[PDB]
Amino acid sequence: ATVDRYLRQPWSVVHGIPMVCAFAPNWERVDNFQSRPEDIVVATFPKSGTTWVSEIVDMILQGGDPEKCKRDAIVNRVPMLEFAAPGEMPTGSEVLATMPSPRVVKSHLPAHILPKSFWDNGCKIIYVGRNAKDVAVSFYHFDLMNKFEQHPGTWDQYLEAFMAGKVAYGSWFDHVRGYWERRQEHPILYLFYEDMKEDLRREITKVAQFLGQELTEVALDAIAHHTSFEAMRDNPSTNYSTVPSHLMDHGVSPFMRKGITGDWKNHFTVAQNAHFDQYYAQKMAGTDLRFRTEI
Ligand SMILES: Nc1ncnc2c1ncn2[C@@H]1O[C@H](COP(=O)(O)O)[C@@H](OP(=O)(O)O)[C@H]1O
């Protein structure tokens, strides 16, 4: 009830970044967040594989036992750092304060406004990038169904907001590039959603090594089996079907939507794809960071 007035409102702004309206008040809780050096941060631009990687990290920390991961929804097992629902739930930061190490922290903040404490404590960051076209489709449908978001209107107007960085958490170009560069000064494992669709066990292995964990071949196969898109769409612990429909309208668009690489071809018009590609080449000039739009 109290949170209703924050739902479906236009973006606020925190440190020059568009922010979910409900998340923006009381932002000192984020700026002053107290990290621990053993914290694992799962950082992504929205709709780039946060839930996927979070479940993989949790599974690795439980020794590859999928039963352990069903003790709670992924939204509670891996709290989102900046999440808040004023008057309805405790913030993500308050939940994380009461969580035993090793904490898994999910966040969508760009690198330059991720809380300083994370950088000073050298916390291991697992970043996931996804090609901007699939992200924009996924983010558009997410906004149609997630009532925390300002309504996206039509797809063509949303896409224009997306390319301009006028969506929640700002420019995708600055986001993916910010963490790609910050790895020169911080332990960052930079993953690619498309690499995970192509070869999931290979990417789980890289996450396990980064976390200093050793997996038997059985544990690895068990983690690959339960972190398929099909395993996670039907798992109530990962598919967000436990979120009340008042906050996430699962009928409009399910959270576990398509889970593929290349869905952008079913939504980008011929003209949209031409304009997006020129702007993308302009905006992604001068970086060695490369994304794949098909595999
Ligand atoms: N195990 C998995 N395999 C593939 N895609 C997955 C996945 N788990 C989630 N996804 C996809 O990742 C996106 C959500 O990313 P995030 O967790 O950061 O919000 C959605 O993309 P789609 O909307 O294209 O289906 C969702 O379907």
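Each ligand, and each atom within it, is numbered from 1 in the order the structure gives. Residue numbers run from 1 in the order of the sequence given. Worth knowing before you read on, the calculation uses all heavy atoms, side chains too, and leaves out hydrogens, waters and symmetry mates.
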Considering all heavy atoms, the nearest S237-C69 contact: OG-O, 3.3 Å

For a quick test of your reading: what N or O donor-acceptor pairs under 3.5 Å do the side chains of residues 81-100 make, sequence neighbours left out?
unit_1 : atom_1 : unit_2 : atom_2 : d
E82    : OE1    : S107   : OG     : 2.8
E82    : OE2    : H108   : N      : 3.0
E82    : OE2    : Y169   : OH     : 2.7
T91    : OG1    : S93    : N      : 3.4
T91    : OG1    : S93    : OG     : 2.8
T91    : OG1    : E94    : N      : 3.1
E94    : OE1    : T91    : N      : 3.4
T98    : OG1    : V95    : O      : 2.8

Test side chain to side chain donor-acceptor pair (under 3.5 Å) applied to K133 and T293, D263, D277, the passing residue: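 Of all the options given, the one that passes is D277.
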
Geometric class of the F45/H175 ring pair [parallel <30°, tilted 30-60°, perpendicular >60°]: perpendicular

Validation row: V176, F291 side chains within 4.5 angstrom (heavy atoms): yes

Those protein residues which place at least one heavy atom below 4.0 Å from ligand 1: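 Only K47, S48, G49, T50, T51, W52, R130, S138, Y193, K197, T227, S228, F229, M232, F255, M256, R257, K258, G259 have heavy atoms that fall under 4.0 Å of ligand 1, ordered by chain and number.
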
Charged N-O contact under 4.0 Å between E67 and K70: yes

